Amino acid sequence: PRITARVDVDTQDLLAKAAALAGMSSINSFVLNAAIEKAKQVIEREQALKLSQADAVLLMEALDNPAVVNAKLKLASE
């Protein structure tokens, strides 16, 4: 139930400068917020990669059953 990490000199320097700029008062706060935002981005990216293949899934269906896919499209415009 605890996120925890060792930092060395260079990372502390990096995170403190970023926390200052980001208006945070602690490194800990900066880190937690950075992690949640990235978690959301990673999760959204996987869903988005699925949807981006949607044209090809549909093309593969059309290649297999061109007439049925044309009929389905024709029904949808009614």
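Throughout, we count residues from 1 along the sequence that is shown.
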Open item on the list: Mean CA temperature factor from the deposited coordinates, higher in 16 to 24 or in 54 to 62?
Closed with: 16 to 24
Task: 5 to 13 versus 66 to 74 - greater average Cα B-factor per the deposited record - done: 5 to 13
Task: Assigned third (lowest, middle, highest) for the C-alpha B factor of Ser29 - done: lowest
Open item on the list: Is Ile43 in the lowest, middle or highest third of its chain when residues are ranked by C-alpha B-factor?
Closed with: middle
Task: Assigned third (lowest, middle, highest) for the C-alpha B factor of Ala35 - done: lowest
